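Accompanying notes for the structure given below.
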2 protein chains.
Amino acid sequence: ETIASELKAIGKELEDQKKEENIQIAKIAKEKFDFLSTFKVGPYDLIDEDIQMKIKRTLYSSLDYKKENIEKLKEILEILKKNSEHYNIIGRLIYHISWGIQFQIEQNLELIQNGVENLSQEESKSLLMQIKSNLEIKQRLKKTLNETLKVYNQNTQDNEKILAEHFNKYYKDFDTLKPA
Amino acid sequence: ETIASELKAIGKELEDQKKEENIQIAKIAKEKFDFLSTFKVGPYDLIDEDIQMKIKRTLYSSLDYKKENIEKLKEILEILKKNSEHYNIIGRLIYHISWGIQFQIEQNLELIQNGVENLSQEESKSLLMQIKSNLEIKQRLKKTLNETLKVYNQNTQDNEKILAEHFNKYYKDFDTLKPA
């Protein structure tokens with residue numbers, strides 16, 4: 001106390017975030033653009049529903065459950081998936097970060113659900129700090145995926161510009177063609 | 001004579017080219033990757049079978065009837081089609097150049113089929129020159145589409161490189177994320 005009051009309030013906050021994401025994720029599954037349900041890094045990779053749920057929670061939250069952004073992320077991952085050298089860095093985002101955050105959050109929610117009374121003044125202090133660090137990461141990631149989408153959108157746009165300048169250079173007439 | 005011998009020979013050559021392209025085009029329609037059959041520049045554009053045939057002859061010849069290249073051209077045109085500002089330059093390639101070449105070739109084949117005897121020494125000289133100029137253009141274009149495909153392949157490759165360096169920069173760990 002009053003860390004016990006702070007913890008119960010931040011626990012209720014996290015449980016609300018979880019309830020709204022459960023609803024928002026359910027609609028994406030019906031609207032049939034839940035790519036993470038079928039997403040494999042390698043080819044012969046097995047998919048666990050519980051692990052995927054946590055990944056969906058992180059990735060669809062950071063993209064504000066927007067179909068446009070969710071599809072664009074699918075496209076980005078599909079591009080990198082082509083080269084087996086990118087398999088590790090995809091896993092860093094999908095597992096270590098996206099699943100990792102939710103895994104820590106579940107553990108933190110459980111300590112609150114178990115009872116804040118069963119925790120010492122030092123344990124209570126650390127739990128509040130940990131929750132705040134995880135919530136900060138959940139935002140850090142959101143701001144990173146935004147930059148990722150900006151990088152992908154910029155490249156798409158640049159490709160159109162380059163193709164257009166090439167077309168205007170060479171296809172103006174018969175005389176603008178490359179020599180035989 | 002012997003321009004009459006040269007013309008009858010170059011006419012037979014053009015008729016063989018036409019016969020082999022007719023076969024090669026027929027197989028593309030069976031293997032269901034003949035995008036030009038359904039290709040519109042604008043949205044409400046009407047498609048003429050005879051005009052399209054000539055476009056198919058030029059474009060599928062230049063790409064050596066390769067499915068990979070034919071699909072890549074479809075992708076390039078689809079990208080530029082998004083902006084109405086690129087509608088004119090697409091038409092320069094599709095109609096003025098691709099249909100235009102075949103239209104001139106048909107006229108040249110007809111003058112040979114009509115009879116080289118019904119042509120003066122000056123008309124015979126000009127027809128041979130014209131045929132050679134058109135055959136040179138058919139090569140000029142082939143060497144341009146090759147560069148077009150190289151530009152598109154380079155852009156695709158550059159996009160993979162950029163996305164990879166972005167991923168390794170920001171998704172290495174939790175600490176490599178963008179701070180708030």
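Labels used: A, B, ... for chains in the order of the structure tokens, numbers from 1 for residues in each chain, and numbers from 1 for ligands as shown.
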
Within 10 Å of range 118-130 of chain B using only C-alpha atoms, minus same-chain residues under 6 positions, as number ranges by chain: B: 1, 3-4, 6-7, 10-11, 104-105, 108-109, 111-112, 136

Show me, as a tab-separated table, the residues of chain B having an atom within 8 Å of chain A, each with the closest atom pair and its distance in Å, using only C-alpha atoms.
```
residue	atom	partner	partner_atom	distance
B:76	CA	A:163	CA	7.4
B:79	CA	A:160	CA	6.4
B:80	CA	A:160	CA	6.4
B:86	CA	A:164	CA	7.0
B:89	CA	A:168	CA	6.3
B:90	CA	A:167	CA	7.8
B:92	CA	A:171	CA	6.2
B:93	CA	A:171	CA	5.6
B:96	CA	A:173	CA	7.6
B:97	CA	A:174	CA	6.6
B:136	CA	A:180	CA	6.4
B:137	CA	A:174	CA	7.1
B:139	CA	A:180	CA	5.6
B:140	CA	A:180	CA	4.5
B:141	CA	A:177	CA	6.2
B:143	CA	A:178	CA	6.3
B:144	CA	A:178	CA	5.4
B:148	CA	A:166	CA	7.4
B:151	CA	A:163	CA	7.5
B:152	CA	A:163	CA	7.2
B:155	CA	A:159	CA	6.2
B:159	CA	A:155	CA	6.1
B:160	CA	A:79	CA	6.6
B:163	CA	A:152	CA	7.2
B:164	CA	A:80	CA	6.9
B:166	CA	A:148	CA	7.4
B:167	CA	A:89	CA	6.8
B:168	CA	A:89	CA	6.5
B:170	CA	A:144	CA	7.3
B:171	CA	A:93	CA	5.7
B:172	CA	A:92	CA	6.4
B:173	CA	A:92	CA	7.0
B:174	CA	A:97	CA	6.6
B:177	CA	A:140	CA	5.7
B:178	CA	A:140	CA	5.2
B:179	CA	A:140	CA	5.5
B:180	CA	A:140	CA	6.2
```

Can you list, as JSON, numbers by chain, every protein, DNA or RNA residue that comes within 8 Å of range 24-26 of chain B when you count only C-alpha atoms, leaving out same-chain residues fewer than 4 positions away? {"B": [20, 30, 56, 57, 60, 65]}

Those same residues, written as a PDB file, in the first residue's frame with N, CA, C and O atoms?
```
ATOM      1  N   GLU B  20       5.536 -19.243 -86.887  1.00  0.00           N
ATOM      2  CA  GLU B  20       6.069 -19.706 -85.608  1.00  0.00           C
ATOM      3  C   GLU B  20       5.483 -18.901 -84.447  1.00  0.00           C
ATOM      4  O   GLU B  20       5.184 -19.502 -83.415  1.00  0.00           O
ATOM      5  N   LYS B  30      -3.382 -21.474 -74.171  1.00  0.00           N
ATOM      6  CA  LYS B  30      -3.724 -22.771 -73.583  1.00  0.00           C
ATOM      7  C   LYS B  30      -3.130 -22.902 -72.184  1.00  0.00           C
ATOM      8  O   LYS B  30      -3.803 -23.400 -71.277  1.00  0.00           O
ATOM      9  N   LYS B  56       0.324  -8.831 -78.989  1.00  0.00           N
ATOM     10  CA  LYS B  56       0.791 -10.148 -78.513  1.00  0.00           C
ATOM     11  C   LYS B  56       2.022 -10.574 -79.321  1.00  0.00           C
ATOM     12  O   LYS B  56       3.024 -10.981 -78.734  1.00  0.00           O
ATOM     13  N   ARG B  57       1.950 -10.435 -80.668  1.00  0.00           N
ATOM     14  CA  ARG B  57       3.034 -10.760 -81.600  1.00  0.00           C
ATOM     15  C   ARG B  57       4.318 -10.041 -81.229  1.00  0.00           C
ATOM     16  O   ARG B  57       5.348 -10.687 -81.137  1.00  0.00           O
ATOM     17  N   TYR B  60       5.103 -10.728 -76.881  1.00  0.00           N
ATOM     18  CA  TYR B  60       5.511 -12.099 -76.550  1.00  0.00           C
ATOM     19  C   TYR B  60       6.777 -12.547 -77.303  1.00  0.00           C
ATOM     20  O   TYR B  60       7.517 -13.378 -76.776  1.00  0.00           O
ATOM     21  N   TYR B  65       8.580 -15.613 -75.474  1.00  0.00           N
ATOM     22  CA  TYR B  65       7.410 -16.387 -75.038  1.00  0.00           C
ATOM     23  C   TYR B  65       7.590 -17.019 -73.632  1.00  0.00           C
ATOM     24  O   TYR B  65       6.849 -17.937 -73.275  1.00  0.00           O
TER      25      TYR B  65
END
```

What is the CA of residue 40 in chain B-CA of residue 58 in chain B distance in Å, reported with one decimal?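 Taking CA of residue 40 in chain B and CA of residue 58 in chain B, their separation equals 16.9 Å.
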
So how far away is CA of residue 99 in chain A from CA of residue 28 in chain A, in Å?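 Result for CA of residue 28 in chain A versus CA of residue 99 in chain A: 18.7 Å, one decimal.
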
Please provide as a VMD selection string all residues within 10 Å of residue 113 in chain A, with the sequence filter that same-chain residues fewer than 6 positions apart are discarded (counting only C-alpha atoms). chain A and resid 8 11 to 12 107

Could the residues in this selection be saved with C-alpha atoms as a PDB file, in the first residue's frame?
```
ATOM      1  CA  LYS A   8      -4.766  -3.796  -8.671  1.00  0.00           C
ATOM      2  CA  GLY A  11      -3.984  -5.235 -13.389  1.00  0.00           C
ATOM      3  CA  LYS A  12      -7.586  -4.209 -14.195  1.00  0.00           C
ATOM      4  CA  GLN A 107       3.165 -13.851 -15.591  1.00  0.00           C
TER       5      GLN A 107
END
```

What does the structure give for the distance between CA of residue 16 in chain B and CA of residue 72 in chain B, in Å to one decimal?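 Taking CA of residue 16 in chain B and CA of residue 72 in chain B, their separation equals 27.7 Å.
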
Apply DSSP to the backbone of this structure and, from chain B, keep only the residues in alpha helix (DSSP H); write these as number ranges by chain. B: 3-30, 49-62, 67-81, 87-91, 100-114, 121-170
